[PDB]
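Let's start with one chain on its own, the form deposited in one PDB entry, as structure tokens.
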């Protein structure tokens, strides 16, 4: 069977759709990231989960398109605006997801906001 999404079993990949958010005098997608492969999972807030790294949200919009649509903090973005956000540096990701040129983007995050997964890190 030709499965089109990228959901395995435990993690669910879900789509997000951020519409243009004007913050002050900039245009932002609302959310912020922590970084992907350019970061060290041995000391990362949301990459302590997967050593496979990837760009994840560290903050979303305080009340904007990110949280409005369905983008949550911690959720790793694997797909942004048909560009694939999987395996990209913080720098390159920033210059795509928080760039001010684009208004609305079709994103896909893999919910890592799970349980049983995401090793305790002595916090759990």
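Numbering follows the first chain given and starts at 1.
This next part talks about the form deposited with a partner chain bound, which is not shown.
Q: Check for me whether its partner chain, as it appears in the bound PDB entry, comes within 4.5 angstroms of all of 16, 79 and 111 - heavy atoms only.
A: Negative, none of the three is within 4.5 Å.
Q: Even though the partner isn't displayed, in the bound PDB entry is residue 63 close enough to its partner chain, meaning a heavy atom within 4.5 Å?
A: Residue 63: no, not in contact with its partner chain in the bound PDB entry.
Q: With a cut-off of 4.5 Å between heavy atoms, is residue 44 one of the residues that contacts its partner chain in the bound PDB entry?
A: Yes.
Q: At 4.5 Å between heavy atoms, is residue 84 in contact with its partner chain in the bound PDB entry?
A: Although its partner chain is absent here, residue 84 would stay clear of it in the bound PDB entry, with no heavy atoms inside 4.5 Å.
Q: Would you please decide whether residue 33 lies within 4.5 angstroms of its partner chain in the bound PDB entry, comparing each non-hydrogen atom pair?
A: Judged by the heavy-atom cut-off of 4.5 Å, residue 33 is in contact with its partner chain in the bound PDB entry.
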